[PDB]
Amino acid sequence: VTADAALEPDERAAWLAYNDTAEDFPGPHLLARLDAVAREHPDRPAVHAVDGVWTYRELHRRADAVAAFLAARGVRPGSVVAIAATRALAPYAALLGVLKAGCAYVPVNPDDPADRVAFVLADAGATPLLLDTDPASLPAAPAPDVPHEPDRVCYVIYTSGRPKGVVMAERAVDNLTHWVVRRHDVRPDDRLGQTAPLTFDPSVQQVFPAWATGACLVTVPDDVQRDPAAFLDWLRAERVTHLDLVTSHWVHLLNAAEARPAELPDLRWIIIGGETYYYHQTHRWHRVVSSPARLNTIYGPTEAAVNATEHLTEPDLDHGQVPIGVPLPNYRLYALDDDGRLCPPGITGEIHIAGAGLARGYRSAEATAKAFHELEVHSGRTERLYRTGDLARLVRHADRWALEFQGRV
Ligand SMILES: Nc1ncnc2c1ncn2[C@@H]1O[C@H](COP(=O)(O)CP(=O)(O)OP(=O)(O)O)[C@@H](O)[C@H]1O
C-alpha cells in the first residue's frame with residue numbers, strides 16, 4: 001500500500017536521510033521582516049534599476065502609495081493585481097504595494113500580444129489598474145490596515161508545458177527567502193543581481209532576500225545580458241555579490257571568460273539551474289574566472305517556489321554530470337515508478353515534490369487535479385505531491401545521498 005512497501009530497510013533509510021530537511025526559521029513573517037528592514041535601514045539603497053536608485057524609505061513610500069490607491073479603487077485583500085514587468089523602478093513599487101494591500105501580483109510583459117495579456121487578466125482574476133497608470137507617480141499615502149491572514153497568496157506567475165498560472169502563497173516565499181539569505185550569507189552591504197525578468201520566478205529569489213536583509217536589488221539591463229563580455233564587465237563595475245543564472249546563459253559567460261579571463265572579486269555566489277551541466281564546464285569556469293564566487297547548482301519547477309534541490313559545485317572535479325543535490329529546507333523529493341512506488345537508490349523514477357515550497361495550485365482547478373496528488377510514501381506519512389514530469393535517481397556523491405537528473409517524461 002505505502003510507496004516504500006517493497007524497499008528493504010537500507011533502501012528506505014537512504015530516502016529518510018535524503019528527506020531529513022525540517023527547519024523552523026526565526027521570528028516575523030516575510031512582509032513584517034521587509035517592513036522592519038525599511039525602518040532600521042531607511043537610507044540604504046533597496047533597488048538599482050535602469051532609471052535610477054531608491055532608498056528603502058523611498059521604495060516603501062512608493063509601495064504605500066500603490067497599496068492606498070488599490071484600497072481607494074475598492075481592490076480588497078486577497079485580490080490579484082497585474083504589474084508591468086520592466087527593468088525600471090516602478091514595477092518594484094507596484095509589486096511591493098500589491099503585497100502591502102494584502103493582494104497577489106501577476107507580472108505581465110507589457111510587450112506580450114494584447115490577446116495573451118487579456119487571457120492572463122481573465123485567468124488570474126487580475127485588475128489592470130497598475131498597467132493603465134504609472135504606479136511610481138501615485139499620490140502619497142500610508143499603507144492601509146490589512147487584517148492578518150496566514151499564508152496569503154503572494155503571486156500568480158504563468159509557466160508553460162500552454163500557459164498555467166501558478167498560485168504561490170506567503171509560507172512558500174518566506175521559506176525560500178530564509179534559505180537564500182542563510183545559505184548564501186546575504187548581508188546589508190550585498191548587491192543581488194536580478195537577471196530574470198519579473199515574469200520568471202528566479203526574480204523572486206533575488207528580490208525578497210535583498211529586501212529581507214537591507215541589501216540592494218540590482219536589475220541586470222536587457223542590453224548587458226545579451227552581450228556576455230559586457231555582462232562580465234558590468235558584474236565587476238556594479239560589484240554584484242549574488243547572481244541568478246539559467247544554465248545556458250552561464251555557458252555563454254563561460255565561453256566569454258575563456259576568450260578573455262575575468263576578475264570578479266566581489267562575486268560570492270552564482271545560483272545556476274535550468275539544464276544539466278558538467279564538471280568539465282565548472283572546472284574550466286574556476287580556471288578562467290579569478291573570483292571567490294561559488295556555484296550553487298539548483299533544480300526546481302515554478303510549481304515548488306523557484307528551487308527544490310541544491311548542490312554546492314566542487315571546483316576541483318573536471319569529469320561527470322553535476323548532481324541537483326539535496327532538498328531545500330522543508331522540501332522532500334521522491335523518485336516514483338509508474339505504479340507510484342518509491343524507487344531504490346540508483347533506480348530512475350519521476351520526481352514528486354512535497355513540503356513548504358508547493359504552490360496552492362494553478363488558477364485552473366483541472367490542471368491542479370492532474371498535477372497534485374496525496375500518497376502515503378512511508379508508514380504514517382501521507383504527502384501532498386506535485387508530479388514534475390522530471391526523471392532522477394538517488395546516488396552516492398562524495399559519501400552523501402544526492403539526486404542526479406536523468407531527463408523528462
Ligand atoms: N538543474 C536542472 N537540471 C536539469 N533540468 C532542470 C534543472 N532546473 C530546472 N530544470 C528543468 O526546468 C524545469 C523547471 O522550469 P521552470 O523553472 O518552471 C521555467 P519553464 O517552465 O521551463 O519556462 P516558462 O516558465 O518560461 O514557461 C524543471 O521541471 C526541469 O525540467
Side-chain angles (χ1 to χ4, degrees), residues 85 106-109 111-113 116 119-120 123-124 155-168 172-173 176 179-180 194-206 225 243-251 269-279 281-282 285 295-313 320-328 331 333-336 348-354 357-359 361-364 367 370-372 385-395 397 402-409:
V106 47
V108 170
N109 184 350
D111 288 343
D112 279 11
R116 299 193 49 94
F119 175 72
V120 169
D123 190 69
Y155 63 75
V156 182
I157 288 178
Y158 282 78
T159 194
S160 277
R162 271 148 70 247
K164 296 178 278 207
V166 176
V167 181
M168 193 59 62
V173 179
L176 175 68
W179 171 76
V180 172
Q194 184 206 311
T195 310
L198 291 166
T199 52
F200 185 38
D201 70 352
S203 65
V204 173
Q205 153 199 289
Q206 302 303 108
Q225 275 185 49
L243 191 67
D244 57 309
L245 283 179
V246 302
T247 304
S248 64
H249 199 172
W250 173 86
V251 169
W269 287 101
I270 310 186
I271 307 172
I272 313 163
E275 283 188 278
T276 294
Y277 75 163
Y278 299 87
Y279 277 118
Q281 301 168 292
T282 63
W285 179 267
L295 304 192
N296 201 10
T297 304
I298 54 71
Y299 154 86
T302 301
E303 287 88 344
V306 188
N307 305 314
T309 71
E310 59 153 334
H311 181 72
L312 178 57
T313 307
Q321 170 172 334
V322 186
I324 59 165
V326 301
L328 260 67
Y331 288 64
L333 289 89
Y334 305 95
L336 305 183
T348 299
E350 179 184 5
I351 303 175
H352 301 237
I353 308 174
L358 288 201
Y362 302 111
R363 289 294 296 175
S364 168
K370 306 200 161 158
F372 297 84
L385 293 175
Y386 169 72
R387 309 184 165 87
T388 62
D390 297 318
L391 299 177
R393 53 183 177 192
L394 197 68
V395 301
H397 181 97
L403 279 180
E404 181 176 59
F405 196 83
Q406 289 298 104
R408 285 205 45 85
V409 314

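Numbering of ligands and ligand atoms starts at 1, following listing order. One is the number of the first residue; the rest follow in order along the sequence. Just so it is clear, the values below take in all heavy atoms, side chains as well, and ignore hydrogens, waters and symmetry mates.
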Q: Please work out which of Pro197, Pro323, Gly300, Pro163 has its closest non-hydrogen atom nearest to atom 13 (C) of ligand 1.
A: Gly300
Q.
Looking at ligand 1, would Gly389 count as a contact under a 4.0 Å heavy-atom criterion?
A. no
Q: Specify side chain, backbone, both or neither for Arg408, according to which of its non-hydrogen atoms lie closer than 4.0 Å to ligand 1.
A: side chain
Q) Considering only protein heavy atoms, which is closest to atom 11 (C) of ligand 1, and at what distance to one decimal place? A) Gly274 O, 3.6 Å
Q.
How far is atom 19 (C) of ligand 1 from the closest protein heavy atom, and which atom is that?
A. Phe200 CE1, 3.6 Å
Q. Of all the non-hydrogen atoms in the protein, which one sits nearest to atom 27 (O) of ligand 1, and at what distance?
A. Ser160 N, 2.8 Å
Q. Among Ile157, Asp201, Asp390, which one has a heavy atom closest to atom 30 (C) of ligand 1?
A. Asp390
Q: Output yes when a protein non-hydrogen atom is found under 4.0 Å of atom 22 (O) of ligand 1, and no otherwise.
A: no
**Q.** Contact partition for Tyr299 relative to ligand 1, non-hydrogen atoms under 4.0 Å
**A.** both
Q) Hey, which atoms in ligand 1 end up nearer than 4.0 Å to a heavy atom of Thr302? A) 16 (P), 17 (O), 18 (O)
Q) Out of curiosity, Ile324 CD1 to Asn307 CG, how far, rounded to the nearest 0.5 Å? A) 11.0 Å
Q: Pick one of side chain, backbone, both or neither for how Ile298 approaches ligand 1, counting any non-hydrogen atom pair under 4.0 Å.
A: backbone
